[PDB]
Amino acid sequence: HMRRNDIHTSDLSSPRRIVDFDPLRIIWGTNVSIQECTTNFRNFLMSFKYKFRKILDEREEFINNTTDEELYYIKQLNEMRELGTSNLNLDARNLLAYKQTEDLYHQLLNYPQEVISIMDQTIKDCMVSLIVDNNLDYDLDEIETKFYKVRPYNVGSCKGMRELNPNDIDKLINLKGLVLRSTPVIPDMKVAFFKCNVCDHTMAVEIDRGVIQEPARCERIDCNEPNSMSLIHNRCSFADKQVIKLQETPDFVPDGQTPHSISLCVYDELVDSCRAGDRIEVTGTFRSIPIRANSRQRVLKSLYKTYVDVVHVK
Amino acid sequence: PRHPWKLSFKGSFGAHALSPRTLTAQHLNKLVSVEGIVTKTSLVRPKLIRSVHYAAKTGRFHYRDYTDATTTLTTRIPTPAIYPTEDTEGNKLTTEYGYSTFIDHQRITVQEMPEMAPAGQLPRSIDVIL
Amino acid sequence: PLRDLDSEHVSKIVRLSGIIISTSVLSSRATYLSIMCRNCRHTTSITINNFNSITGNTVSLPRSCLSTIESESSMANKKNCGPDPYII
Amino acid sequence: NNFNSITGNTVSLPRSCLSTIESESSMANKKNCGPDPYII
Amino acid sequence: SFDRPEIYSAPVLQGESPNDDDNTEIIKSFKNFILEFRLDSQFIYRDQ
Ligand SMILES: [Zn+2]
Ligand SMILES: [Zn+2]
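Residues numbered from 1 in each chain as written, not as in the entry; some residues may be left out. Chains lettered and ligands numbered in written order. Part of a larger assembly, values for the part shown. Heavy atoms only, no water. Residues with missing side-chain atoms left out of burial classes, pairs and counts.

The deposited coordinates derive from cryo-EM, with the record listing a resolution of 3.2 Å.

Novice: Can you help me understand the overall build of chain C in this one?
Specialist: Scanning chain C from N- to C-terminus turns up one helix and three strands. The linear arrangement of helices and strands in chain C, starting from the amino end, is β-β-α-β. Relative to a compact globule of 88 residues, whose C-alpha radius of gyration would be 12 Å, chain C shows 21 Å and is clearly more extended. Viewed in the frame of its principal axes, chain C has a C-alpha envelope of about 65 × 30 × 20 Å. (Helix = DSSP H or I, 4+ residues; strand = E, 2+ residues; numbered from the N terminus. Rg over C-alpha atoms; globule rule 2.2 N^0.38 Å.)

Novice: Before we go on, may I ask you to explain the coordination of the zinc ion (ligand 1) in this structure?
Specialist: Six octahedral donors around a metal ideally subtend angles of 90 or 180 degrees, whereas four tetrahedral donors ideally subtend 109.5 degrees. Residues and elements named next belong to chain A. Bound to the zinc ion (ligand 1) on the protein side are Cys196 (SG), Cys199 (SG), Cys218 (SG) and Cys223 (SG), at distances that span 2.3 Å. Taken together, the four donor atoms surrounding the zinc ion (ligand 1) define angles of 104 to 115° at the centre, an arrangement classified as tetrahedral. On the basis of relative accessibility, which here comes to 10%, the residue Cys223 falls in the buried class. (Donors = N, O, S within 2.8 Å, 3.2 Å for Na, K, Ca; no water. Tetrahedral: all angles 85-135°; square planar, octahedral: opposite > 155°, others 65-115°. Buried < 20%, exposed > 50% of the residue type's maximum accessible area, 1.4 Å probe, protein only.)

Novice: Explanation requested: the packing of aromatic side chains in the structure shown.
Specialist: Within a pair of aromatic rings, the relevant descriptors are the distance that separates the centres and the angle that separates the planes. Residues and elements named next belong to chain A. One pass over the full model with this rule turns up 18 aromatic pairs over all chains. Where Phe44 meets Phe48, the ring centres are 5.1 Å apart and the plane angle is 40°; that geometry is what we call tilted. A relative accessible area of 0% places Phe44 in the buried class. Considering the side-chain rings of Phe48 and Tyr73, the 5.5 Å spacing of their centres and the 40° angle between planes classify their relative orientation as tilted. Here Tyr73 lies in helix α4 (residues 72-82) and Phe48 lies in the loop between α1 (34-46) and α2 (50-56), a separation of 25 residues in the sequence. (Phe/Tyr/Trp six-rings, centres within 6.5 Å; stacked < 30°, edge-to-face > 60°.)

Novice: Would you take a moment to explain the sheet that holds strand β9 (residues 229-231) of chain A for this structure?
Specialist: Adjacent strands of a sheet form backbone hydrogen bonds with each other and so pair up, either parallel or antiparallel. Residues and elements named next belong to chain A. The strand order across the open sheet built from three strands is β8-β7-β9, with neighbouring strands paired in antiparallel fashion. Across the chains shown, the open sheet's two edge strands, defined by having one partner strand only, are β8 (202-206) and β9. Strand-to-strand twist of the sheet, defined as the mean angle between neighbouring strand axes without regard to direction, takes the value 35°. When strand β7 (residues 191-196) meets β8, the two strands line up antiparallel, connected through five bridges. When the bridges of β8 are listed, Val191 appears paired with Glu206. (Pairing = 2+ DSSP bridges. Axes fitted to C-alpha atoms, helices over the stretch in contact; angles between N-to-C directions.)

Novice: Can you help me understand the pattern of salt bridges in this one?
Specialist: All names here are of chain A. Overall, the coordinates contain 21 salt bridges over all chains when judged by the stated rule. A salt bridge links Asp57 to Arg53, with the nearest nitrogen and oxygen atoms 3.4 Å apart. Relative accessible area serves as the criterion here: at 8%, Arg53 is assigned to the buried category. For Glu144, the salt bridge identified is with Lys124, shortest N-O distance 3.5 Å. Placement of the pair is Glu144 in helix α8 (residues 140-145) and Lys124 in helix α7 (residues 112-133), with a sequence separation of 20 residues. (Salt bridge = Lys/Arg side-chain N within 4 Å of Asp/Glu carboxyl O.)

Novice: Just checking my understanding: could you explain the domain arrangement of chain A for this structure?
Specialist: By convention, interface size is frequently given as the accessible area that disappears when the constituent parts associate. All names here are of chain A. Segmentation of chain A into domains returns domain 1 (24-157) and domain 2 (158-314). Computed over C-alpha atoms, the centres of domain 1 and domain 2 are 27 Å apart. A buried area of about 1,300 Å², summed over both sides, lies between domain 1 and domain 2, and 53% of it is on carbon and sulfur atoms. Scanning the region where domain 1 abuts domain 2 turns up one salt bridge. Two residues, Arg151 and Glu269, come together in a salt bridge whose shortest N-O distance is 2.3 Å. Where domain 1 meets domain 2, there are five residue pairs in polar contact. When residues of the side of domain 1 that touches domain 2 are traced back to their parent elements, those giving at least two are β3 (87-91), α6 (102-110), α7 and β4 (149-153). Considering every element that reaches the side of domain 1 that touches domain 2, the biggest residue donor is β4, with four residues. Across the side of domain 1 that touches domain 2, the residue classes break down as six nonpolar, seven polar and two charged. (Domains from an automatic or database assignment. Buried area = accessible area lost by both parts, 1.4 Å probe. Polar contact = N/O pair within 3.5 Å; in protein donor to acceptor, adjacent residues only side chain to side chain. Nonpolar A, V, L, I, M, F, W, Y, C, P; charged D, E, K, R; others polar.)

Novice: Would you mind showing me how to read α7 of chain A here?
Specialist: Think of an α-helix as turning once every 3.6 residues; residues three or four places apart then point the same way. All names here are of chain A. An ideal rise of 1.5 Å per residue puts 32 Å on 22 residues; α7 measures up with 30 Å between its terminal C-alpha atoms. Within α7, 17 of the 22 residues are buried, which leaves the element mostly enclosed by the surrounding structure. Immediately downstream of α7, the backbone of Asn135 shows phi near 60°, a positive value. (Expected span 1.5 Å × (residues − 1).)

Novice: What is the right way to read the sheet that holds strand β8 (residues 107-111) of chain B from this model?
Specialist: All names here are of chain B. Spatially, β3-β8-β9 is the arrangement adopted by the three strands of the open sheet, whose pairing is antiparallel. Both outer strands of the open sheet, β3 (37-41) and β9 (125-129), are each paired with one neighbouring strand and no more. Averaged over all adjacent pairs, the angle separating strand axes in this sheet is 30°, with direction ignored. Of the pairings in the sheet, the one linking β3 to β8 comprises four bridges and is antiparallel in character. Its bridge partner being in β8, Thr41 is matched across the sheet by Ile108.

Novice: Would you mind going over the interface of chain C and chain B with me for this structure?
Specialist: Taken together, the contact between chain C and chain B spans eleven residues of the former and eleven residues of the latter. Buried surface at the junction of chain C and chain B, both sides included, amounts to about 1,000 Å², of which 53% is carbon and sulfur. Of all residues in chain C, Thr43, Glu72 and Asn77 of chain C bury the most surface against chain B, accounting for 40% of the area lost on that side. Inspection of the region where chain C meets chain B yields zero salt bridges. Across the chain C-chain B interface, the total number found is three residue pairs in polar contact. (Contact = heavy atoms within 4.5 Å.)

Novice: Is there a simple way to think about the coordination of the zinc ion (ligand 2) in this case?
Specialist: For the zinc ion (ligand 2), the full set of protein donor atoms is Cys37 of chain C (SG), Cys40 of chain C (SG), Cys65 of chain C (SG) and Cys81 of chain C (SG), and the range of their distances to it is 2.3 Å. For the zinc ion (ligand 2), the four donor atoms in the first shell make angles of 102 to 121° at the metal, a pattern classed as tetrahedral.

Novice: Looking at this structure, how should I read the pairing of strand β5 (residues 172-182) of chain A?
Specialist: Looking along a regular strand, one sees the side chains alternate between the two faces of the sheet. Residues and elements named next belong to chain A. Where β5 meets strand β12 (residues 279-289), seven bridges bridge the pair, whose relative direction is antiparallel. Bridge pairing links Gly177 to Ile280 in β12. Sheet topology note: the β5/strand β10 (residues 238-248) ladder contains five bridges and is antiparallel. The residue of β10 that forms the bridge with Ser182 is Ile244.

Structure below.
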């Protein structure tokens, strides 16, 4: 139980964000329907062939029989089950190739936060169904405890960071760049461990959108001292977070533009996968946070700071 | 055929024709003429004198006057009147730039002229508000 | 009955019969009161809906000016208005 | 008459108004002028 | 020389499950009692 820190997870079972518009249920602020997206991505996983990608790219004379007619993601999921791999690398143009998913591709670009979680859930469901249907010898328990995550890439043209607008925040963007340096591994708190000072009662609280709720009183019925829970910083569990300084090299440079450098955050397994000086292609969601003006005060700056929250690295 | 008239002074000042080095505290609260060289000239900044606001619920225009110790020669009670974001009845006020009045304000630094300054010592300077 | 009122009836609705000796003159309480700072010229309104207390001011004028804590103006023109700076 | 001090106000403005303690007028018109009410 | 920034709200989601001890639920129950009470054949408190 470590979850995914590349994208903030969403609760598919919870009807909190669900609103009905007229039936058909939509997550508020999006046009993403959980059931429709799961069914569409499941059909895409069962029925995609690379000849669809060849047709989409107007590459007809290069179509072969032994590779294009084979079910692409079925054999990727088979070899991914065989090797213990927990990552699926999804090409975004393959969604445009299939007839039922050109909408989903757009929903992937506009709302990666919910759509990527939907793909993760239906990939896990397909991972279960691939051994349920064909009656494989693998035990269902190791598949169930494994948490499967998808990494979309090739999301579109590599537009410059300085050509982006505030309406592009929390959209999947793709950038070609050069790595200059990276910070050391930073522990982000994910579960907090509190112990009562007088009765040694220990409880653990999960983080909720970057905020940890400190318990004011002891949870035990016997002990109810106010202000008795103290946080032990070493008993609590952390997650990896790294910040990489990328020197962007876009395809198109406007008149009199001097190259800039951005900061991109990688999490969990993607930490230390990029060394200084290599040319890489990063796809990830475009983020913006407010920055505290002073350390002692909570007064935040009105002008936001933009960064790239990394999903996949090529 | 509204602005109040001001005064300017010329002529011999006698013992009040001084220098930034020569200015001491015995010349405070006195009219002095000071010859020097300008070293710093600050940015000309507008200073709000009267702010005019609009209450859309009552459709009325209110105003508030502001003053400080710089504009007056005689000191009075410092009464800090805040910027009115609402009127007495509690309605929201929208400020009306263009109907408010702003007076240009500058401050310069007059240092003693190097021609009559001492050749080795550090020079003296004063601040002048225009 | 009035002699049966115990400490178990405190802050509880009770029904009691009796006779009335005296009815006092009508005091004037304030429901909505507008206040202005003495020198800060900050205008505030207090609406009070609890008038059932006796011998004690459960709602009073603020002990200090509320313009500083609100930070209403972007200009924000150390200035202290003083203890009890509001007039009704 | 003492200006020889450095880094400290040996002589400063009074903390409270001196009209009450003097009782200079027979009228003597609770009234509090506030902390540090004097201006120069 | 700007004005007061304003704070306003709008109901979007359902919220948490309502509790009978919540002030809003008590106010709604009292409103229902005022509007929907019948003595014999008429709403006495609404007409009052
Ligand atoms: Zn305890
Ligand atoms: Zn005030």
